[PDB]
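There is one chain below, alone, in structure tokens, taken in the form deposited in one PDB entry.
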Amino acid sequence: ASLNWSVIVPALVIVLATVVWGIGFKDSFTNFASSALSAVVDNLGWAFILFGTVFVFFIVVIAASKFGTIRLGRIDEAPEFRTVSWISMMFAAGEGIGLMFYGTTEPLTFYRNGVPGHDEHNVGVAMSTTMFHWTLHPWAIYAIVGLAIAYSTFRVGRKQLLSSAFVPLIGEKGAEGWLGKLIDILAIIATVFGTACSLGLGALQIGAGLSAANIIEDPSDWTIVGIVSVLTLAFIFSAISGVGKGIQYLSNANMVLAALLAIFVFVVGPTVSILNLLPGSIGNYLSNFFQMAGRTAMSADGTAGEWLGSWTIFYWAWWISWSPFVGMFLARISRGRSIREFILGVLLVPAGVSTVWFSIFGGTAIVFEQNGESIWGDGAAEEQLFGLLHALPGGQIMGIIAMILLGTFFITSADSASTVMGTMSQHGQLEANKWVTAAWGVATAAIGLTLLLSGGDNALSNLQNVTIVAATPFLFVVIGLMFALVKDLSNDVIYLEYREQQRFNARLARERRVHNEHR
């Protein structure tokens, strides 16, 4: 296919504008980001918080309805991936960097400071509200988007694009018109900013880790961590060949290293306490699910707005911005699966992986805090993991391994996001241009680095603010995608013979009633 320049040029111009604003005009960019966060949070926290749970309800009911039997492909089709392989391939979609960053920080900071409507030093609350942001809502969003693309491209044979999934609502004219172009541009921009958030978190934490081992300098975030991890691997893996064979190796190394780190912290750490937190975390998450889903700026006597902006609305925006990439990824590896099976796997397997990960790491941190040891230290979120690792025997080698894992996650996430963006910018071609992929990867890495540099001391806050503002337009795209998906599922070939009969009988009944009214 050809390049959709009408969709590349707008998004690329927006990205260049954001980068120039952040780099050359740090103060103005930071002020604007703070003001836009204030306005967006105050005026649309209701939208984020309401539709986060509407997505979960919607995907659950879609799975449990008659559409669950539909198969993503030809009728009576069987899937191309084994169930074990299908489950394993979902690891590459999850947050390697997000988990590596927040596994220790989030449960520990919620244990220490508490959350709105709750007191400090509550393990159940800490683990439950860590599981709130990471288990069902993100993967309900991802299931919705991936199911939309899967039904559009496999069942109906349309192009693999976000705009195509809206064909039921806006028709073909809209899909090829200005509205389809707008949807595709918003998808590309949201993916860019959502991936740049992860790249910024990973670079920040890698710098902190290098400082922990005492091998770092000050400008390493810009001069080494970003540009090296981008150029020396991602470009040479993309531009050199269609498949560089390094992405597969790194995607397997991610699994191996994450398993090794989790097993180290599990065995060397307080194993019994972690095993106690498994059922405790799951039970206290299921108990507090709706209480946390109803936490708005009007909660805790109006004092929850700042916390929600810093913690919950940030995650809403982050997951919404991830939606296009993760949806395309899940759709690509789920052909032939049924809708019910797809939804169940996508919702539950990563939820369990996240639950276990947070159990190990947050539980070790909370147990240390309870005993008297404090991995908190200064309080930086990027230094908690290495403090936790160093607190355990043989922690130096594992800290180095954690830095290696962070670098591999950086490379893998950037490469996969660039692949999906290139596909979306090339009229839905599965194998997009290599140079378009490299350009989009450069753009994402540059945006993440620019957010970090503009934030400076408050790098994390600047990152979160720009992610929150950048994902506001795509929240409505996902909301309308729910409607488009329902309208597409209803108008399935298997249901048309029943729908015509229902329409005919309803018309007969309505005309009979109208005639009786005339009488």
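Numbering starts at 1 and follows the sequence shown. For the two forms, the rigid core is made up of the largest set of C-alpha atoms that agree within 1.5 Å on superposition. Shifts are known only where both forms have a C-alpha.
Keep in mind that the form deposited in another entry is not shown, yet the notes after this line are about it.
S.K.: So which residue among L182, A300, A213, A253 shifts its CA at least 2 Å between the shown form and the other one once the core is superposed?
M.R.: Per the superposition, the moving residue is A213.
S.K.: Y495: after superposing the rigid core, is there a C-alpha shift of 2 Å or more between the shown form and the other one?
M.R.: Yes, because once the rigid core is superposed, the C-alpha of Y495 moves 2 Å or more between the shown form and the other one.
S.K.: Work out whether the Cα atoms of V192 and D218 come closer together or move farther apart in that other deposited form than they are in this form, the change being 3 angstroms or more.
M.R.: Relative to this form, closer in that other deposited form.
S.K.: With a change of at least 3 Å, which way does the C-alpha separation between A213 and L388 go in that other deposited form: closer or farther?
M.R.: It is farther: in that other deposited form, the C-alpha atoms of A213 and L388 lie at least 3 Å more apart than they do here.
S.K.: Give me the stretches of at least three consecutive residues whose Cα atoms move by 2 Å or more between the shown form and the other one once the core is superposed.
M.R.: Moving stretches, in sequence order: 212 to 218, 493 to 500.
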